[PDB]
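The chain below stands alone and is given as structure tokens, in the form deposited in one PDB entry.
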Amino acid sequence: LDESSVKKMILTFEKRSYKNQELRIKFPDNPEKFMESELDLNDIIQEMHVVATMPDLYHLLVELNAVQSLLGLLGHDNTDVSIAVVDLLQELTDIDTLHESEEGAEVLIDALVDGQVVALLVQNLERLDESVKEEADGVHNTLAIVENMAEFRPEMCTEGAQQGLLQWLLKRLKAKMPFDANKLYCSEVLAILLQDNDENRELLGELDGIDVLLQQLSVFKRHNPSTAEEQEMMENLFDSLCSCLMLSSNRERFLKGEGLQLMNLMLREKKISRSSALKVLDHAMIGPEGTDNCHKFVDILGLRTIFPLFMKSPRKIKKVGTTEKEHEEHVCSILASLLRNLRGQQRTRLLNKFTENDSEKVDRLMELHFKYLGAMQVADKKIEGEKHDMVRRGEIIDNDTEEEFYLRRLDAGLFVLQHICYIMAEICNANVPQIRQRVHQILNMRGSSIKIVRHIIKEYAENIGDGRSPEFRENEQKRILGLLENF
């Protein structure tokens, strides 16, 4: 109960649409009451609403051209019908969220994207206005669609994204209407659009978007979110901003925005956005493309800001989760960026910072070193064991097995470990015996070999960015292992 009892529904739906079609033609604009016929046909949307839940035979909907007509109706003179098609669409796409079956959805989705669903959605979305509680709920469900479409098959999101929605998402946030549950959701959907998608990063930037991002986070510079909903949004604005930064051209744009300045302010005043503020910084400096960003940082006393967080980490603990490797990971990586990138008069300041107070900072580095190495050492034994145990079991170590293993090293802080070794090295090739001595003086004292450190660099270098290009990749890899000689 049932199969194809719906197929009457589909047939009925078409017959409905048609009769409406002819009726609209008969009655010229300004005919008040041809309406009941129009209203009646959308009761059948609401009925079809029930369709989703039925074990999906979604193919019915597409070959029999429900989809198309449906999409068609997203443009209708009256919004109630549009809204109705969206609302319906949410529920075939949420339920679709179910792990299985795939056949119904995989054909359905396919159809929607073939039909430029988003293009159409946004058109509707554009006219949809005035926060009539019913209108408002319409956009939300529009967004919903996207989330669901994006969650399931995250490609329709890029093409669909550009089609229009991305543009609109950008407008809504800038809107000077007060914060509401919908402004939030855009934020959710933006981040999704950018999640792992370079083209959408290029597009957002190509729309003065980073200014927008920045401004929105701007307002919360000196004072926390009023609600824990408003917070969730903030954090979505952050995730979005980072994702763009992973795209290289956004870097200059972030810089022409007072991106550093502000992330610095947010750091200088230590609540509560401090935590992500630092995660942005990391990203803005990360590559060679992070290179002006690194210089600018230093020029605005970025060093005064960062190094303290190097010497000591909070909060032990703050209920919002900013700890505790998370924090070090980003600090180190920033330092690691700066050393690799920085040159000239800014480089030198950095290095001085490593000779301060009898190279307290180098003492610090090594405290961090053993901490994380201890961690990892131990991590690895565990894995050794499970490797041996897998041979007894006769379980084959596997690409998916090595996935699970990598994560464990990461969880143990492999990434920070590298960065601190890298740094360590990067400082031992600055021709300052003080630090070189210190490092070595501390490895001796005791029980840790330099070569242990080198084994890690090589691992760091092997993978060494994942990845720009095999030219950039092997060029860098040279560079990195290059330091290993004078180390």
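We number the residues from 1 along the sequence you see. Between two forms, the rigid core is the largest collection of C-alphas that superpose within 1.5 Å.
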Entries skipping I317: at least a third of other ones: yes
Residue stretch of maximal mean CA temperature factor, 245-253 vs 132-140: 132-140
Given 51-59 and 426-434, the range whose Cα B-factors average higher in the PDB entry: 51-59
Selection by C-alpha B-factor (highest) of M35, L70, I452, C421: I452
Options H283, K271, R340, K361 - largest CA temperature factor per the record: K271
Third of the chain, ranked by Cα B-factor, where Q345 sits: lowest
Chain third (lowest, middle, highest) by recorded CA B-factor, residue given as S101: highest
Chain-wide C-alpha B factor ranking for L335, given as lowest, middle or highest third: lowest
Position of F152 among the chain's modelled residues by C-alpha B-factor, lowest, middle or highest third: highest
For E328, the third of its chain into which the C-alpha B factor falls: lowest
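Not pictured, yet referred to below: the form deposited in another entry.
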Rigid-core fit between this form and the one not shown, the member of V107, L255, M366, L309 whose C-alpha shifts 2 angstroms or more: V107
CA of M424, rigid core aligned, shift of 2 Å or more between this form and the one not shown: no
Cα displacement of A277 between this form and the one not shown reaching 2 Å, rigid core superposed: no
Yes/no, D80 Cα shift of 2 Å or more between this form and the one not shown with rigid core fixed: yes
Inter-Cα distance between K316 and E230 in the other form, nearer or further [3 Å or more]: closer
